[PDB]
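Here is the structure we will look at.
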There are 4 protein chains.
Amino acid sequence: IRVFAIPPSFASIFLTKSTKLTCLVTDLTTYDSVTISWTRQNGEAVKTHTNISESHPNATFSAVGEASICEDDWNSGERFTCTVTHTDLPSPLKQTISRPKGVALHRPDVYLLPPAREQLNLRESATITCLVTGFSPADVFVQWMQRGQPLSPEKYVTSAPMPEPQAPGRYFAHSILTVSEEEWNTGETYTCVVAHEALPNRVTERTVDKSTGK
Amino acid sequence: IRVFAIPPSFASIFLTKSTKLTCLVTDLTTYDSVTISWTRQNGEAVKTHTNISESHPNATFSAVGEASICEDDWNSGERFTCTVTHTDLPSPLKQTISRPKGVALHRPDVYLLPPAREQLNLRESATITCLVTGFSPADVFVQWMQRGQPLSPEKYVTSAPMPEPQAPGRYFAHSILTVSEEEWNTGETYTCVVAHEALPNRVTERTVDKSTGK
Amino acid sequence: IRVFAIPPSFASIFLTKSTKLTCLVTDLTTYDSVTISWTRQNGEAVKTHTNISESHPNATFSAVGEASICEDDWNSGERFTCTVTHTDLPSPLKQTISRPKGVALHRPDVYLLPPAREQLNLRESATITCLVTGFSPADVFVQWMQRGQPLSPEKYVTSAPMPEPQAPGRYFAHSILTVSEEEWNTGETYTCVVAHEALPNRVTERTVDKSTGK
Amino acid sequence: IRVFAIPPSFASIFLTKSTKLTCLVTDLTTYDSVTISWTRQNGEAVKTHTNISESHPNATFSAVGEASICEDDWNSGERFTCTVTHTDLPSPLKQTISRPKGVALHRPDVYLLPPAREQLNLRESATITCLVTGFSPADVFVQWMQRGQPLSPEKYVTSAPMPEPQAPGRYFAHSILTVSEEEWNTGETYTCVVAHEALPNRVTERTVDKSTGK
């Protein structure tokens, strides 16, 4: 019997423009009188949470609640409590989460990897990697654009941020894009806009054209 | 009260060149008369397993045994048993493990990407990445060799094999090697070998130089 | 009256990926109650050996047994005993074999040679040789592939590892691939895989193309 | 107890300019009254044989006799007898050899394989191989010359004639050479002269030049 809380990443902040937190409950049967609350540091009011998840066939229930909060309030380290009181456990249990402060702010350096010459001799495809290296927070958001309009999530997979090996502590990730060849010839600069909390304007983009390795 | 068996992954198979299986026992007290055995399909004897773990402070014990098993015997799907009989549970319990046959064996296709020129301008670090993409088993081992001599794992970070969603089902990985600017200039061709169980001879190597993307 | 024990050659280890030792008996009549056993250093049990050879017309018998042996256990120099007891000789005779350790390991250096211009004028064949020179063990194994799919042994010939006299002691071999002329022109990069015990990952590939020796 | 006779190959014929057949005796003690005789088809006289070998420490003796014979008489399939009559074996045993006629005569086609460009960039060596392929007899005398003068056999090894795989039946061989780069620049055309009995003038030479692959 455990209760799991997922804090909002910077990646989930940027695409939705509104931060929120969840709290899933495991190994608790599908009963009623589910107690879900979210409190501030002073225990103030909370936006209502709806859309309770379905009942799992293995006699377990996971209630999902979403609650809004300010951007600056999440970065200040304010503690939230996930108080749960079910029929099996009348004693309330509180799951405490906060911002893990204590990590430096290093701006990401982004070097996007072009198509190579020996690739573009089969005349079949182009594949691109957007290496987002050297940033000290562990939360980056990477998405791709084409001519200024954002690209579908079907075309890219952003890695999870791993620590850089040769540096003692600093994180890195990257994303991949797989595209065509004739489309590469005319247009499609393929901007990889990467957002990080340590950038001054919170947005950085890199892109290529044909005349990059010329 | 449960007993966990760890199957040998292909990373551990290729790293040690000797497949071995373990059996870790959870939620059982640090008592004597610990019964750990490994039987074949016909129940034949096994190599003696030593180096049992210490006693955990939370009244639990994990008796870990490492046994040598033939490579062709393990890959033939021969069933192994982990019989456990403690003082708390006099009834013997068998945990069966085997090779998970029936999965597609798609070879890794390895492309070794040279570092971006925008990185080769600060004259501080140079990240060489080995895009190991498109293979159906999830157990890939990637490592790098310098001048034919294998490199220490401190210098390269190998990703987790995450599925390529463009495929119906197939995983991919990547492994970056970050080196100094001056070191990549003269010497160190920095090959990236890729170990997978689907390759015809189980090893694929690719090479890079200063004079490749030129 | 003698008993012959055949150690597995490294070409046999790589071709089957399962090392196995045989023990054939010479100049002993085709009688019953043939004693064939394989014991470890501690004399442990062995896999059952089947497929006994047929009775020779010249009144001699050779019971050949095949046993699966782990690679690390075989490569550690563990002694194996071939105990034989026939009706003619009631006294047991033991043929002891093991790994001949202590031999210096020198990896093969493999260069692939594209066919001569004067050969590319008759347009009847194109003999491509994989010069495998300079390696201290005498057990080399060379195979060729065709776009990843390995090629049958009917199309290439590998010489025996014969001594390179310029070295103090180091043998060398050579493997040629004869193909069709129009087949060599369009496609078929023709990787030559060289297997040796002294390589790091035991496999070395070299690839060729028309646009290499120009 | 056996007697071994070694038939003279064409390389030994072309080298010493006088064919001779040997007859070594195995498993016979170092006694006197050694009977060694060479008879023609009609049993004519033979050249006297001297230089008997020393006595081996393992209680065995091998009397080696050398006797000259005509080129045409040897090539016409005239049978020679090696009669041995020792103290241990009073019964005279005859060892008969003859020229194995019945194989077609195909001349070799020599394609000496030149150095490669990347091979001649280390500026430390140069290696030359002399691929003699497609000759039907199995007796080929390959040697190297430098500016018309023959090169010492310490710098080359002629392979053994192995059957070609793509051909039904036809032999091939080649021989290696390693030289310096600075020497190659001015001189050393390296005519690899091959002597084969099915050629009309019985000698072909192929060479390399600086302007071979330009």
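Every residue number used here counts from 1 along the chain in the order it is shown.
Each residue, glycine too, has its Cβ placed from N, Cα and C.
What Swiss-Prot annotates here:
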- D:8-98: domain 'Ig-like 3' (DOMAIN)
- D:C23-D:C82: disulfide bond (DISULFID)
- D:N51: N-linked glycosylation site (CARBOHYD)
- D:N58: N-linked glycosylation site (CARBOHYD)
- D:108-209: domain 'Ig-like 4' (DOMAIN)
- D:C130-D:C192: disulfide bond (DISULFID)
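On the structure: features taken from Swiss-Prot.
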{"residue": "D:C23", "record": "disulfide bond", "CB count, 10 Å": "25"}
{"residue": "D:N51", "record": "N-linked glycosylation site", "CB count, 10 Å": "7"}
{"residue": "D:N58", "record": "N-linked glycosylation site", "CB count, 10 Å": "6"}
{"residue": "D:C82", "record": "disulfide bond", "CB count, 10 Å": "22"}
{"residue": "D:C130", "record": "disulfide bond", "CB count, 10 Å": "26"}
{"residue": "D:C192", "record": "disulfide bond", "CB count, 10 Å": "27"}
From recorded positions D:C23, D:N58, D:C82, D:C130, D:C192, the one whose Cα lies nearest D:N51 (N-linked glycosylation site): D:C23
Candidate disulfide-bonded residues D:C23, D:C82, D:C130, D:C192, pick with smallest Cα gap to D:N58 (N-linked glycosylation site): D:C23
Reduced DSSP assignment, D:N58 (N-linked glycosylation site): coil
Composition by DSSP (helix, strand, coil) of residues within the domain 'Ig-like 3' (D:8-98): 12 helix, 23 strand, 56 coil
Inter-residue Cα distance where the pair is D:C23 (disulfide bond) and D:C130 (disulfide bond), in Å: 33
Helix, strand and coil totals (DSSP H, G, I; E, B; other) for the domain 'Ig-like 4' (D:108-209): 11 helix, 44 strand, 47 coil
